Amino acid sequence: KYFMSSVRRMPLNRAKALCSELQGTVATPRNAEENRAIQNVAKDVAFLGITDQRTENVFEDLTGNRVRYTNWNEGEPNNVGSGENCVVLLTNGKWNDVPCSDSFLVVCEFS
């Protein structure tokens, strides 16, 4: 598993398209080791390939698989405002749910 970070920020839709353009996907950490590896390649807050768009508070990867390992920031996920269904990795390595329409860096995953 190889991880690469984007340089510019963009909404999840464009982020997914970017990783997919090179036949990869948006990074989804499966354990603390991968979480750290992704954190290190990202120089700022970045999207992860996790969302609860299909069912609220049910987080799954971009292929529909529910995630087991999670690393939520204290107080998260809180689905604030009109809703937050996407997930970003903070620069401390913890996760925060955010609006999928907002712009952040993206870390892509390749195998």
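Throughout, rigid core stands for the largest set of C-alpha atoms superposing within 1.5 Å between the two forms. Quick note: we count residues from 1 along the sequence shown, nothing fancier.
Once the rigid core is used to overlay the structures in 8 other deposited structures of this protein, the stretch among 99-107 and 84-92 whose CA atoms lie farther from this form is 84-92. Look at the C-alpha B-factors of 29-37 and of 75-83. On average they run higher in 75-83. The stretch with the higher mean CA B factor, choosing between 7-15 and 89-97, is 7-15. When all modelled residues of the chain are sorted by CA temperature factor, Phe47 is found within the lowest third.
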